[PDB]
């Protein structure tokens, strides 16, 4: 009855090509739920997290497609929306699967906020694109009016970029822990969580930014005193010389060794880098192993028999 925080990736929620159509997602989630059911069968208790890239982007585009006079919801509200959207899909599918196996349990979806620091370098150097392509005139206006920041897209137009600060604490950790005590499967920290900052006087205030789901999941695992941090992606694990000549997939590696590779740019900042950073952080802060593997091989990954096991030292 050990506890594992399992961080799902895009392949568990959306179809090939980033399709957020209800059809595509329901099929992907069915596959992911079946596999998660296997893991629960092996005796694990879990807190399942997930990303929300295509989904939050879709919502951003939708609100921006409205007539100029209509209000656009802020990014943190869009993020909250994705927690219910993706969360419900996983919740409904997993419950159905467990039921089909004779297990009658309800899967809660915890609306989750993540505390970030206002001093984080990302707030002054936003680089995460979110939403549709903006025209020059509209973008310059948004910058003048709301202080939005943009990056030029080589194919034409501009992309709004927002901060991606590092997670400091999981505000709703206690609700997640309580949910876990009551159910073997809990969905939380969707999209990396809703970012808030502490204002003077103890007041928490939501901010327009995104938080890396892997870094956040690692922090959650540490704060829950989880027995294991699992990152499920679309590759067998971590590899050095990935997609290159001397490519080699690691089966086990000391966090200290991976940290060296990380500092040399061996892991793309847009994919495996954050996952390796997350795994290392978990090992350093808890002293317990973390594993990065394929969603397909999840059952074995959890047993540490597949994927890359990041070890202490």
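Numbering follows the first chain given and starts at 1.
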68 to 76 versus 144 to 152 - greater average Cα B-factor per the deposited record: 144 to 152
Mean C-alpha B-factor comparison - 6 to 14 and 19 to 27, higher one: 19 to 27
Of the residues 59, 253, 48, 280, the one carrying the largest Cα B-factor as recorded: 253
Sorting the chain's CA B-factors, does residue 33 end up in the lowest, middle or highest third? middle
Of the three thirds of its chain by CA temperature factor, lowest, middle or highest, which one includes residue 128? middle
CA B-factor placement of residue 242, once the chain's modelled residues are sorted into thirds: highest
If you rank every modelled residue in this chain by C-alpha B factor, which third holds residue 271: lowest, middle or highest? highest
Report the third (lowest, middle or highest) to which the CA temperature factor of residue 214 belongs, ranking only the modelled residues of the same chain. lowest
